[PDB]
Number of protein chains: 2
Amino acid sequence: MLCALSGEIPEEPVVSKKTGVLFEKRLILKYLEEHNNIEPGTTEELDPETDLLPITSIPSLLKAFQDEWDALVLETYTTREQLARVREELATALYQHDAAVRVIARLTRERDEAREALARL
Amino acid sequence: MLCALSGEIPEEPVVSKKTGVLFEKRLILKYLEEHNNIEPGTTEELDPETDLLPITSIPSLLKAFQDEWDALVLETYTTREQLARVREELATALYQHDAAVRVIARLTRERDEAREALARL
């Protein structure tokens, strides 16, 4: 009974129709605003096609809200940093693979030239 | 002027001493709790070594808090999904590069065998 987007208990839970995954209504709608498709599912989904489901000191409460906000901001930051680093590594690997493809082509051409010269006797 | 962890105007801004980067005090302290070093800097940072710097309607405010939380949660989700996908792509590139290196070795051996066979004639 956890939202697949937030990992929390939804207040207005909705289940997809093309998949069986549960979401918080406002979160999945704000996600479909840009993409209009399920998160892993490649197929797009219409808006009225998510089946709905039914079911301390104030300064300290503000402090708790602020602490959770800080945690979310730091998590976003660290995930973006890891993403940037792995993107750099992927670009380096692609560069090296392009170089390897060129040298493979050169070796194939040289090998075939030598084999054809050998077939000539 | 902007915090490097949150991209927001800090109310208690602190600049690092080992680097020249600005942070919100509570955010950088909560970051140093686990790691105890600056975000790009491998070197660790002491806690009293961050130089400090000197200087509506409630339902709508709760709605704004809710919208900001939704935005942060969707950003975290999308960033983690992109991170996983790029990690998969990097692993695929590494496997493909190992295959390319093996093919380079085999092609070099065949090319040299053919060239040596031609050197005999």
# chains A, B, ... in the order shown; residues from 1 in each chain; ligands from 1

call {"tool": "closest_atom_pairs", "arguments": {"of": "chain B", "to": "chain A", "cutoff": "9 Å", "atoms": "only C-alpha atoms", "output": "JSON lines"}}
result
{"residue": "B:5", "atom": "CA", "partner": "A:77", "partner_atom": "CA", "distance": 6.3}
{"residue": "B:6", "atom": "CA", "partner": "A:73", "partner_atom": "CA", "distance": 6.2}
{"residue": "B:26", "atom": "CA", "partner": "A:70", "partner_atom": "CA", "distance": 8.4}
{"residue": "B:27", "atom": "CA", "partner": "A:70", "partner_atom": "CA", "distance": 6.5}
{"residue": "B:30", "atom": "CA", "partner": "A:70", "partner_atom": "CA", "distance": 8.5}
{"residue": "B:31", "atom": "CA", "partner": "A:74", "partner_atom": "CA", "distance": 7.4}
{"residue": "B:39", "atom": "CA", "partner": "A:78", "partner_atom": "CA", "distance": 8.9}
{"residue": "B:69", "atom": "CA", "partner": "A:69", "partner_atom": "CA", "distance": 7.7}
{"residue": "B:70", "atom": "CA", "partner": "A:27", "partner_atom": "CA", "distance": 6.5}
{"residue": "B:71", "atom": "CA", "partner": "A:27", "partner_atom": "CA", "distance": 8.8}
{"residue": "B:72", "atom": "CA", "partner": "A:72", "partner_atom": "CA", "distance": 6.8}
{"residue": "B:73", "atom": "CA", "partner": "A:6", "partner_atom": "CA", "distance": 6.1}
{"residue": "B:74", "atom": "CA", "partner": "A:5", "partner_atom": "CA", "distance": 6.9}
{"residue": "B:75", "atom": "CA", "partner": "A:76", "partner_atom": "CA", "distance": 7.1}
{"residue": "B:76", "atom": "CA", "partner": "A:76", "partner_atom": "CA", "distance": 5.3}
{"residue": "B:77", "atom": "CA", "partner": "A:5", "partner_atom": "CA", "distance": 6.4}
{"residue": "B:78", "atom": "CA", "partner": "A:39", "partner_atom": "CA", "distance": 9.0}
{"residue": "B:79", "atom": "CA", "partner": "A:80", "partner_atom": "CA", "distance": 6.4}
{"residue": "B:80", "atom": "CA", "partner": "A:79", "partner_atom": "CA", "distance": 6.4}
{"residue": "B:82", "atom": "CA", "partner": "A:83", "partner_atom": "CA", "distance": 7.3}
{"residue": "B:83", "atom": "CA", "partner": "A:83", "partner_atom": "CA", "distance": 5.0}
{"residue": "B:84", "atom": "CA", "partner": "A:83", "partner_atom": "CA", "distance": 8.6}
{"residue": "B:86", "atom": "CA", "partner": "A:87", "partner_atom": "CA", "distance": 6.6}
{"residue": "B:87", "atom": "CA", "partner": "A:86", "partner_atom": "CA", "distance": 6.6}
{"residue": "B:89", "atom": "CA", "partner": "A:90", "partner_atom": "CA", "distance": 7.2}
{"residue": "B:90", "atom": "CA", "partner": "A:90", "partner_atom": "CA", "distance": 5.1}
{"residue": "B:91", "atom": "CA", "partner": "A:90", "partner_atom": "CA", "distance": 8.8}
{"residue": "B:93", "atom": "CA", "partner": "A:93", "partner_atom": "CA", "distance": 6.3}
{"residue": "B:94", "atom": "CA", "partner": "A:93", "partner_atom": "CA", "distance": 7.0}
{"residue": "B:96", "atom": "CA", "partner": "A:97", "partner_atom": "CA", "distance": 7.9}
{"residue": "B:97", "atom": "CA", "partner": "A:97", "partner_atom": "CA", "distance": 6.0}
{"residue": "B:100", "atom": "CA", "partner": "A:100", "partner_atom": "CA", "distance": 6.5}
{"residue": "B:101", "atom": "CA", "partner": "A:100", "partner_atom": "CA", "distance": 7.4}
{"residue": "B:103", "atom": "CA", "partner": "A:104", "partner_atom": "CA", "distance": 7.5}
{"residue": "B:104", "atom": "CA", "partner": "A:104", "partner_atom": "CA", "distance": 5.9}
{"residue": "B:107", "atom": "CA", "partner": "A:107", "partner_atom": "CA", "distance": 6.1}
{"residue": "B:108", "atom": "CA", "partner": "A:107", "partner_atom": "CA", "distance": 6.6}
{"residue": "B:110", "atom": "CA", "partner": "A:111", "partner_atom": "CA", "distance": 6.6}
{"residue": "B:111", "atom": "CA", "partner": "A:111", "partner_atom": "CA", "distance": 4.3}
{"residue": "B:112", "atom": "CA", "partner": "A:111", "partner_atom": "CA", "distance": 7.9}
{"residue": "B:113", "atom": "CA", "partner": "A:111", "partner_atom": "CA", "distance": 8.9}
{"residue": "B:114", "atom": "CA", "partner": "A:114", "partner_atom": "CA", "distance": 5.6}
{"residue": "B:115", "atom": "CA", "partner": "A:114", "partner_atom": "CA", "distance": 5.9}
{"residue": "B:117", "atom": "CA", "partner": "A:118", "partner_atom": "CA", "distance": 7.4}
{"residue": "B:118", "atom": "CA", "partner": "A:118", "partner_atom": "CA", "distance": 6.1}
{"residue": "B:121", "atom": "CA", "partner": "A:121", "partner_atom": "CA", "distance": 7.9}

call {"tool": "residues_around", "arguments": {"residues": "region 14-24 of chain A", "least_positions_apart": "3", "cutoff": "9 Å", "atoms": "only C-alpha atoms", "output": "compact mmCIF listing (two decimals) with N, CA, C and O atoms, in the first residue's frame"}}
result
# COMPACT_ATOMS: atom_id res chain seq x y z
N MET A 1 0.84 -1.19 0.00
CA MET A 1 0.00 0.00 0.00
C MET A 1 0.89 1.25 0.00
O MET A 1 0.60 2.24 0.67
N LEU A 2 1.98 1.20 -0.76
CA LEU A 2 2.93 2.29 -0.85
C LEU A 2 2.91 2.90 -2.24
O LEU A 2 2.81 2.17 -3.24
N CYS A 3 3.00 4.22 -2.31
CA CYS A 3 3.10 4.89 -3.60
C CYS A 3 4.42 4.54 -4.27
O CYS A 3 5.47 4.54 -3.64
N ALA A 4 4.35 4.22 -5.57
CA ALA A 4 5.56 3.87 -6.29
C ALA A 4 6.43 5.08 -6.60
O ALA A 4 7.61 4.92 -6.92
N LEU A 5 5.88 6.29 -6.50
CA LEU A 5 6.65 7.50 -6.77
C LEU A 5 7.31 8.07 -5.52
O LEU A 5 8.40 8.64 -5.62
N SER A 6 6.69 7.91 -4.35
CA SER A 6 7.18 8.54 -3.13
C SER A 6 7.55 7.57 -2.03
O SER A 6 8.21 7.98 -1.07
N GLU A 8 5.57 6.36 0.14
CA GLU A 8 4.76 6.68 1.30
C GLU A 8 3.33 6.20 1.08
O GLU A 8 2.92 5.89 -0.04
N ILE A 9 2.59 6.10 2.18
CA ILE A 9 1.19 5.67 2.15
C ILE A 9 0.36 6.75 1.47
O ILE A 9 0.29 7.88 1.98
N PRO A 10 -0.28 6.45 0.35
CA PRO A 10 -1.02 7.49 -0.37
C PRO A 10 -2.28 7.92 0.37
O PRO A 10 -2.94 7.11 1.03
N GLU A 11 -2.59 9.21 0.27
CA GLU A 11 -3.84 9.72 0.83
C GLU A 11 -5.01 9.55 -0.13
O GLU A 11 -6.15 9.37 0.31
N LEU A 27 0.45 13.03 -7.36
CA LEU A 27 1.81 12.78 -7.84
C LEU A 27 1.79 12.17 -9.24
O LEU A 27 2.53 12.61 -10.13
N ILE A 28 0.95 11.15 -9.46
CA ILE A 28 0.90 10.53 -10.78
C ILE A 28 0.32 11.50 -11.81
O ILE A 28 0.73 11.49 -12.97
N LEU A 29 -0.61 12.37 -11.41
CA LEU A 29 -1.14 13.34 -12.36
C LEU A 29 -0.09 14.38 -12.75
O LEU A 29 0.06 14.71 -13.93
N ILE A 38 3.09 5.81 -18.01
CA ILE A 38 3.54 5.22 -16.76
C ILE A 38 5.07 5.30 -16.70
O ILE A 38 5.75 5.42 -17.73
N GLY A 41 6.39 1.77 -17.76
CA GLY A 41 5.59 1.37 -18.91
C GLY A 41 5.78 2.34 -20.06
O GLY A 41 5.57 3.56 -19.90
N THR A 43 3.93 2.46 -22.78
CA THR A 43 2.64 2.90 -23.28
C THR A 43 2.10 4.06 -22.45
O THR A 43 2.23 4.09 -21.22
N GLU A 45 -1.02 6.63 -21.03
CA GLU A 45 -2.29 6.37 -20.38
C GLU A 45 -3.15 7.63 -20.33
O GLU A 45 -2.64 8.73 -20.12
N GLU A 49 -8.28 7.14 -16.39
CA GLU A 49 -8.09 5.70 -16.51
C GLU A 49 -7.25 5.12 -15.38
O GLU A 49 -6.74 4.01 -15.50
N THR A 50 -7.07 5.87 -14.29
CA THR A 50 -6.41 5.37 -13.08
C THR A 50 -7.50 5.04 -12.06
O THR A 50 -8.21 5.93 -11.58
N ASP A 51 -7.64 3.75 -11.74
CA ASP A 51 -8.73 3.30 -10.89
C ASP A 51 -8.49 3.76 -9.46
O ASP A 51 -7.49 3.36 -8.84
N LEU A 52 -9.38 4.59 -8.93
CA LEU A 52 -9.23 5.08 -7.57
C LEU A 52 -9.59 4.00 -6.56
O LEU A 52 -10.38 3.10 -6.84
N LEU A 53 -8.99 4.10 -5.37
CA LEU A 53 -9.20 3.14 -4.30
C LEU A 53 -9.55 3.87 -3.01
O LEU A 53 -9.02 4.96 -2.75
N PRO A 54 -10.43 3.30 -2.18
CA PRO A 54 -10.71 3.93 -0.88
C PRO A 54 -9.90 3.29 0.23
O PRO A 54 -9.16 2.34 -0.02

call {"tool": "calpha_fit_rmsd", "arguments": {"fixed": "chain B", "moving": "chain A"}}
result
1.6 Å

call {"tool": "atom_distance", "arguments": {"atom1": "CA of residue 46 (chain A)", "atom2": "CA of residue 33 (chain A)"}}
result
10.9 Å

call {"tool": "decode", "arguments": {"residues": "region 46-63 of chain B", "atoms": "N, CA, C and O atoms", "output": "PDB file, in the first residue's frame"}}
result
ATOM      1  N   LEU B  46      36.690  20.631   8.856  1.00  0.00           N
ATOM      2  CA  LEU B  46      36.321  20.772  10.254  1.00  0.00           C
ATOM      3  C   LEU B  46      35.044  21.599  10.372  1.00  0.00           C
ATOM      4  O   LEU B  46      34.686  22.367   9.476  1.00  0.00           O
ATOM      5  N   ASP B  47      34.350  21.433  11.496  1.00  0.00           N
ATOM      6  CA  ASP B  47      33.051  22.079  11.647  1.00  0.00           C
ATOM      7  C   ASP B  47      33.226  23.574  11.907  1.00  0.00           C
ATOM      8  O   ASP B  47      32.555  24.380  11.251  1.00  0.00           O
ATOM      9  N   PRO B  48      34.098  24.006  12.852  1.00  0.00           N
ATOM     10  CA  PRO B  48      34.349  25.449  12.979  1.00  0.00           C
ATOM     11  C   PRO B  48      35.384  25.966  11.987  1.00  0.00           C
ATOM     12  O   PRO B  48      36.281  26.731  12.359  1.00  0.00           O
ATOM     13  N   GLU B  49      35.272  25.545  10.721  1.00  0.00           N
ATOM     14  CA  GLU B  49      36.115  26.050   9.642  1.00  0.00           C
ATOM     15  C   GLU B  49      35.286  26.522   8.451  1.00  0.00           C
ATOM     16  O   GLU B  49      35.828  26.689   7.354  1.00  0.00           O
ATOM     17  N   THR B  50      33.982  26.717   8.639  1.00  0.00           N
ATOM     18  CA  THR B  50      33.114  27.309   7.626  1.00  0.00           C
ATOM     19  C   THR B  50      32.863  28.759   8.026  1.00  0.00           C
ATOM     20  O   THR B  50      32.204  29.027   9.037  1.00  0.00           O
ATOM     21  N   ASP B  51      33.393  29.691   7.240  1.00  0.00           N
ATOM     22  CA  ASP B  51      33.321  31.104   7.587  1.00  0.00           C
ATOM     23  C   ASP B  51      31.904  31.623   7.379  1.00  0.00           C
ATOM     24  O   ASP B  51      31.390  31.610   6.257  1.00  0.00           O
ATOM     25  N   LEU B  52      31.275  32.065   8.463  1.00  0.00           N
ATOM     26  CA  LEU B  52      29.932  32.619   8.395  1.00  0.00           C
ATOM     27  C   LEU B  52      29.962  34.026   7.800  1.00  0.00           C
ATOM     28  O   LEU B  52      30.989  34.708   7.807  1.00  0.00           O
ATOM     29  N   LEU B  53      28.822  34.451   7.266  1.00  0.00           N
ATOM     30  CA  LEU B  53      28.684  35.766   6.658  1.00  0.00           C
ATOM     31  C   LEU B  53      27.504  36.499   7.279  1.00  0.00           C
ATOM     32  O   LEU B  53      26.506  35.876   7.657  1.00  0.00           O
ATOM     33  N   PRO B  54      27.596  37.831   7.404  1.00  0.00           N
ATOM     34  CA  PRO B  54      26.507  38.596   8.025  1.00  0.00           C
ATOM     35  C   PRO B  54      25.514  39.167   7.026  1.00  0.00           C
ATOM     36  O   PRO B  54      25.643  38.966   5.814  1.00  0.00           O
ATOM     37  N   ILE B  55      24.521  39.893   7.533  1.00  0.00           N
ATOM     38  CA  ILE B  55      23.478  40.470   6.695  1.00  0.00           C
ATOM     39  C   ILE B  55      23.708  41.963   6.503  1.00  0.00           C
ATOM     40  O   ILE B  55      23.636  42.471   5.383  1.00  0.00           O
ATOM     41  N   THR B  56       0.745  35.758   4.517  1.00  0.00           N
ATOM     42  CA  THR B  56      -0.411  35.638   3.635  1.00  0.00           C
ATOM     43  C   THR B  56      -1.490  34.762   4.275  1.00  0.00           C
ATOM     44  O   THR B  56      -1.832  34.952   5.444  1.00  0.00           O
ATOM     45  N   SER B  57      -2.030  33.813   3.514  1.00  0.00           N
ATOM     46  CA  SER B  57      -3.044  32.889   4.005  1.00  0.00           C
ATOM     47  C   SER B  57      -2.425  31.521   4.258  1.00  0.00           C
ATOM     48  O   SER B  57      -1.613  31.038   3.462  1.00  0.00           O
ATOM     49  N   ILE B  58      -2.815  30.901   5.366  1.00  0.00           N
ATOM     50  CA  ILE B  58      -2.288  29.599   5.776  1.00  0.00           C
ATOM     51  C   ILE B  58      -2.690  28.470   4.828  1.00  0.00           C
ATOM     52  O   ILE B  58      -1.838  27.625   4.516  1.00  0.00           O
ATOM     53  N   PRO B  59      -3.946  28.370   4.365  1.00  0.00           N
ATOM     54  CA  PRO B  59      -4.256  27.295   3.403  1.00  0.00           C
ATOM     55  C   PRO B  59      -3.427  27.366   2.133  1.00  0.00           C
ATOM     56  O   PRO B  59      -2.970  26.328   1.633  1.00  0.00           O
ATOM     57  N   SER B  60      -3.185  28.573   1.616  1.00  0.00           N
ATOM     58  CA  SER B  60      -2.331  28.709   0.444  1.00  0.00           C
ATOM     59  C   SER B  60      -0.882  28.376   0.772  1.00  0.00           C
ATOM     60  O   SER B  60      -0.163  27.833  -0.073  1.00  0.00           O
ATOM     61  N   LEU B  61      -0.447  28.667   1.999  1.00  0.00           N
ATOM     62  CA  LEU B  61       0.914  28.331   2.402  1.00  0.00           C
ATOM     63  C   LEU B  61       1.106  26.824   2.488  1.00  0.00           C
ATOM     64  O   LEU B  61       2.139  26.295   2.057  1.00  0.00           O
ATOM     65  N   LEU B  62       0.116  26.116   3.036  1.00  0.00           N
ATOM     66  CA  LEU B  62       0.170  24.658   3.056  1.00  0.00           C
ATOM     67  C   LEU B  62       0.114  24.086   1.647  1.00  0.00           C
ATOM     68  O   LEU B  62       0.799  23.104   1.344  1.00  0.00           O
ATOM     69  N   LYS B  63      -0.693  24.687   0.768  1.00  0.00           N
ATOM     70  CA  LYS B  63      -0.721  24.239  -0.620  1.00  0.00           C
ATOM     71  C   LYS B  63       0.645  24.406  -1.277  1.00  0.00           C
ATOM     72  O   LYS B  63       1.095  23.532  -2.027  1.00  0.00           O
TER      73      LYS B  63
END
